[PDB]
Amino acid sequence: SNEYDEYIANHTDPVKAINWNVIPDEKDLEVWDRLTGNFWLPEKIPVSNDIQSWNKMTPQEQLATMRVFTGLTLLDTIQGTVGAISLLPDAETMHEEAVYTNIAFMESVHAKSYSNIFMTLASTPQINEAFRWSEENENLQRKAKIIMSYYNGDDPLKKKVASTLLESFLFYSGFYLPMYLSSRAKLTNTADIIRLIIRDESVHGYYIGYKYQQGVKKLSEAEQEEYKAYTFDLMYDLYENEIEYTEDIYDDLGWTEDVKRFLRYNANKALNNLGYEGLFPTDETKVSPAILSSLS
């Protein structure tokens, strides 16, 4: 009766209902239609049909798979419960806020999809060892905490930069494995789930980056230069850390050199989403056409 009187006295402007009949930025509606039109749940893909394929894989291949998927789960958990949500208060339109709520939910769907895969293919000990490894891996924890330091900060623009780098770059050291296996006719149903996830992340990265550019272009030329400097500096740090993460996961298998090229290819895409030129020359980003297609 009184507890809320102060709040009411300090918020005299009307609270407004979202009006979808009036859209000041057409992009918000285009992305909302795209994302909602692409709704899916992991229960829709028959992962159990990969059991034979999975049992045929070597212990090294299985271990690499558990670790990359656990790393991916951690990134989705962060993005869904902390990332997308941190973007809400800095939205330019109410329709953009609505889009972020869809992004948050689909991230939770993504994270859950990995457990569906594990629960269908792996043993309890394997699952347990995997989650423990993710808590102890220094590089995985470092990339997670670097991104979270920005979501927990007070610069709306840095939150969008961190979010775009996460969505367009950090997931890729992990996405290489299922896409490559898929090109060898292995774990094909699991790859279908991975493609649905990529189809979402691609749009998330594109959209959040678009919003970053709109905000940064409102600043002076000098300020804009500082944000670009910050973006590239953050990319150098994430790349350095991802290289070590990659070596540790893929050295046994011997896939490391190709995964590093894949990292550089996507790092360029991530920068492009933020409106900047790529960092690595094209000749250093070669990706197998069998991966690029099964990726799409």
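Between two forms, the rigid core is the largest collection of C-alphas that superpose within 1.5 Å. Numbering starts at 1 and follows the sequence shown.
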Using RMS Cα distance over all structures and residues, flag whichever of 91-99 and 167-175 lies farther from this form in 5 other deposited structures of this protein after a core fit.
167-175
I need to verify one thing: averaged over C-alpha atoms only, is the B-factor higher for 72-80 or for 87-95?
87-95
Higher avg CA temperature factor (1-9 vs 287-295, as deposited) belongs to 1-9
The largest CA temperature factor among 196, 222, 111, 117 is found at 222
Identity of residue with top Cα B-factor, from 266, 55, 36, 65:
55
Of the three thirds of its chain by CA temperature factor, lowest, middle or highest, which one includes residue 136?
highest
Within this chain, which third does the Cα B-factor at residue 185 fall in: lowest, middle or highest?
highest
Can you tell me whether residue 45 has a C-alpha B-factor in the lowest, middle or highest third compared with the other modelled residues of the same chain?
highest
Taking only the Cα B-factors deposited for this chain, tell me whether residue 217 sits in the lowest, middle or highest third.
highest
Residue 247: CA temperature factor from the record, placed by chain third, in the middle
